[PDB]
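Here is the structure we will look at, set down as structure tokens.
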Amino acid sequence: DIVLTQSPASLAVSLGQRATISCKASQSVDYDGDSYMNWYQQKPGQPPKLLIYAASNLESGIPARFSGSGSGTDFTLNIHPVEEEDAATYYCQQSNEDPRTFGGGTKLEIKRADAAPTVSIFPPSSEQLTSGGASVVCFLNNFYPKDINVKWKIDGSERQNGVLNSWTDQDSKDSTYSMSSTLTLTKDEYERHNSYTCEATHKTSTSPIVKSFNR
Amino acid sequence: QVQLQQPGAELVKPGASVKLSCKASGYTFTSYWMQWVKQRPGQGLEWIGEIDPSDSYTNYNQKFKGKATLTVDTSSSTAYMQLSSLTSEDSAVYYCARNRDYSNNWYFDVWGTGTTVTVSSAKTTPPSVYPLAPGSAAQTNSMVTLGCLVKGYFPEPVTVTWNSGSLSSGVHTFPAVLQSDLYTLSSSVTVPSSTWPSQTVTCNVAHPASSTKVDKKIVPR
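Chains as they are written, first to last, in our numbering: chain A, 59 to 273; chain B, 11 to 231.
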């Protein structure tokens with residue numbers, strides 16, 4: 059079958075710049091001067107969306123900043139100028155032969171200006187405590203770049219076990235990222251300590267960003 | 011309004027099978043072919059096969075011949091796909107999509123909401139939902155961030171909305187992380203300080219596989 063290869067797998071472009079996504083077919087997907095190459099866009103938690111069909115036909119409702127070109131075995135998807143809402147993953151798909159196949163996909167990221175995180179710390183809820191467990195949560199919202207790390211300090215001491223970290227995908231109107239660190243301990247562990255701290259290390263600061271509370 | 015609806019999830023035992031459904035509406039069902047696609051995280055998209063609802067003619071991807079069976083019910087406008095002898099490798103999100111023909115070139119213009127299928131001997135576990143209230147400040151901000159902890163559930167996914175969806179701005183939902191055969195996820199919403207203390211803010215969580223729903227109100231500490 060005809061295999062599609064997309065390069066690269068990840069791309070970072072600045073707002074207002076041009077993003078070029080390549081797609082290589084293993085064999086010609088041409089037929090009567092008609093290239094059977096389709097392009098889809100997929101945002102996190104959403105089904106794929108059709109952008110272009112037959113290689114260069116823009117589906118109705120799709121912004122004119124998107125365009126597709128190519129023939130034979132070489133195809134490209136162009137976005138110029140790139141916008142924030144364009145942060146997503148793009149896939150090419152051929153319909154020349156059976157079986158129908160898709161390319162590996164390319165994740166597009168928008169490069170913007172640095173943004174320091176907004177930090178919030180939440181102590182366990184009374185509801186959770188009754189159950190014998192205790193989870194302390196820290197939110198690191200709307201920052202850029204996505205490079206960041208969190209350290210948990212209990213009574214001045216660092217803790218590493220029982221820490222679950224999760225990042226969101228790039229925001230669609232902001233182009234920033236967000237992340238949450240959750241520290242889970244048993245009710246007895248939590249009740250023997252008084253100071254809970256979560257400090258973040260981000261490039262927008264030479265010294266850590268600290269946020270804490272006392273039981 | 012053209013629509014393709016699919017159930018949120020299916021939890022199946024290894025070696026068993028399932029019948030995924032996809033209800034169409036807003037168009038002449040028999041007027042277009044129905045496509046089925048498989049999506050595994052990181053792997054990408056994979057085409058399973060197609061079926062013409064007018065005569066039930068099917069076309070399969072060699073790779074799935076003998077694993078998937080496609081049928082349709084022109085009476086209720088529903089398309090079906092049965093997956094047999096499931097294995098861990100069959101865990102994924104399955105989409106049904108409408109096909110369209112342009113100068114012999116076929117492309118899919120409308121996609122279904124997708125169905126998360128999980129193959130495991132593990133049992134369904136509803137989530138434990140907890141409210142995350144700040145409970146402190148120094149009058150140093152105009153906005154306040156509240157949150158909700160959805161912990162210890164299986165399998166994916168869960169749906170989190172704030173005030174039944176009335177609150178959509180300043181909302182962040184973090185992808186679930188699995189630890190010890192159970193998923194944990196959290197969500198945040200940033201509202202005006204004048205809004206919260208007085209206006210009731212609630213977090214609504216739905217867990218399709220367990221058919222449970224939980225609404226937790228955020229009460230100041």
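Backbone N, C-alpha and C define an ideal beta-carbon position, used for all residues, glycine too.
Check: Could you compute how far the alpha carbon of residue 222 of chain A sits from the alpha carbon of residue 240 of chain A?; Outcome: 5 Å
Check: Label residue 67 of chain B either buried or exposed according to how many other C-beta atoms from any shown protein chain fall within 10 Å of its C-beta, with 16 as the threshold for buried.; Outcome: exposed
Check: May I have the straight-line CA-CA distance separating residue 249 of chain A from residue 273 of chain A, to the nearest angstrom?; Outcome: 8 Å
Check: Taking C-beta to C-beta, are residue 93 of chain A and residue 80 of chain A nearer than 7 Å?; Outcome: no
Check: Determine whether the beta carbon atoms of residue 205 of chain A and residue 102 of chain A lie at a separation below 7 Å.; Outcome: no
Check: Can you find a C-beta in chain A that's less than 7 Å from the C-beta of residue 182 of chain B?; Outcome: yes
Check: I need the boundaries of the beta strand (DSSP E) containing residue 232 of chain A, first residue and last residue.; Outcome: Counting along the chain, residue 232 of chain A falls outside any beta strand (DSSP E), and DSSP gives it neither H nor E.
Check: So is residue 91 of chain A in contact with chain B if we call contact Cβ pairs under 7 Å?; Outcome: no
Check: Got a sec: which bits of the stretch 121 to 133 of chain B sit with their beta carbon under 9 Å from any beta carbon on chain A, in order along the chain?; Outcome: 121, 122, 123, 124
Check: Are any of the Cβ atoms in chain B nearer than 7 Å to that of residue 173 of chain A?; Outcome: no
Check: For residue 258 of chain A and residue 271 of chain A, I'd like the C-alpha separation in whole angstroms.; Outcome: 15 Å
Check: Please state whether the Cβ-Cβ distance between residue 183 of chain B and residue 170 of chain B is less than 7 Å.; Outcome: yes
Check: Looking at residue 80 of chain B and residue 52 of chain B, is the spacing between their C-beta atoms short of 7 Å?; Outcome: no
Check: State the Cα-Cα distance for the pair residue 188 of chain B and residue 262 of chain A, rounded to the nearest angstrom.; Outcome: 31 Å
Check: Check for me: the beta strand (DSSP E) holding residue 83 of chain B runs from which residue to which?; Outcome: 78 to 83
Check: Rounded to the nearest angstrom, what separates residue 191 of chain A and residue 163 of chain B at their Cα positions?; Outcome: 15 Å
Check: DSSP three-state label for residue 48 of chain B, please.; Outcome: strand
Check: Mapping the DSSP letters down to three states, classify residue 143 of chain A as helix, strand or coil.; Outcome: helix
Check: Which residues in the same chain have their Cβ closer than 8 Å to the Cβ of residue 195 of chain A, if we skip the five residues on either side of it in sequence?; Outcome: 179, 180, 238, 239, 240, 241
Check: How many Å lie between residue 14 of chain B and residue 63 of chain A at the Cα?; Outcome: 29 Å
Check: Which residues share a DSSP beta bridge with residue 250 of chain A?; Outcome: According to DSSP, residue 250 of chain A bridges with nothing at all.
Check: Would DSSP call residue 117 of chain A helix, strand or coil?; Outcome: coil
Check: Do you know whose CA, among A/251, A/68, A/186, lies nearest residue 213 of chain A's CA?; Outcome: A/251
Check: Would you please verify whether the beta carbon of residue 249 of chain A is less than 7 Å from any beta carbon of chain B?; Outcome: no
Check: Of the residues that make up the stretch 169 to 194 of chain B, which ones have a beta carbon closer than 8 Å to any beta carbon in chain A?; Outcome: 182, 183, 184, 185, 186, 187, 189, 194
Check: For chain A, is any of its Cβ atoms less than 7 Å away from the one on residue 54 of chain B?; Outcome: yes
Check: Looking only at C-alpha atoms, which of A/86, A/162, A/256 sits nearest to residue 210 of chain A?; Outcome: A/256
Check: Relative to the alpha-carbon of residue 143 of chain B, which residue among B/83, B/224, B/201 has its alpha-carbon at the smallest distance?; Outcome: B/201
Check: Name the DSSP bridge partner or partners of residue 172 of chain B?; Outcome: B/177, B/213
Check: Contact defined as beta carbons within less than 8 Å: I believe residue 46 of chain B pairs with residue 106 of chain B. What is the distance between those atoms, to the nearest angstrom?; Outcome: 6 Å
Check: If we cut at 7 Å on Cβ distances, does residue 141 of chain B have a partner in chain A?; Outcome: yes
Check: Hey, out of A/116, A/90, A/202, whose CA is closest to residue 54 of chain A's CA?; Outcome: Look at the range of chain A in this structure, 59 to 273, and you will see that residue 54 of chain A is not part of it.
Check: Using a 10 Å radius around the Cβ and a threshold of 16 neighbouring Cβ atoms, would you call residue 44 of chain B buried or exposed?; Outcome: buried
Check: Near residue 109 of chain A, what residues of its chain come up, given a Cβ to Cβ distance below 7 Å and the 5 sequence neighbours on each side ignored?; Outcome: 97, 98, 99, 117, 120, 124
Check: Mind checking whether residue 63 of chain B and residue 129 of chain B have CB atoms under 7 Å apart?; Outcome: no
Check: Are residue 195 of chain B and residue 160 of chain B touching if we call contact CB-CB under 7 Å?; Outcome: yes
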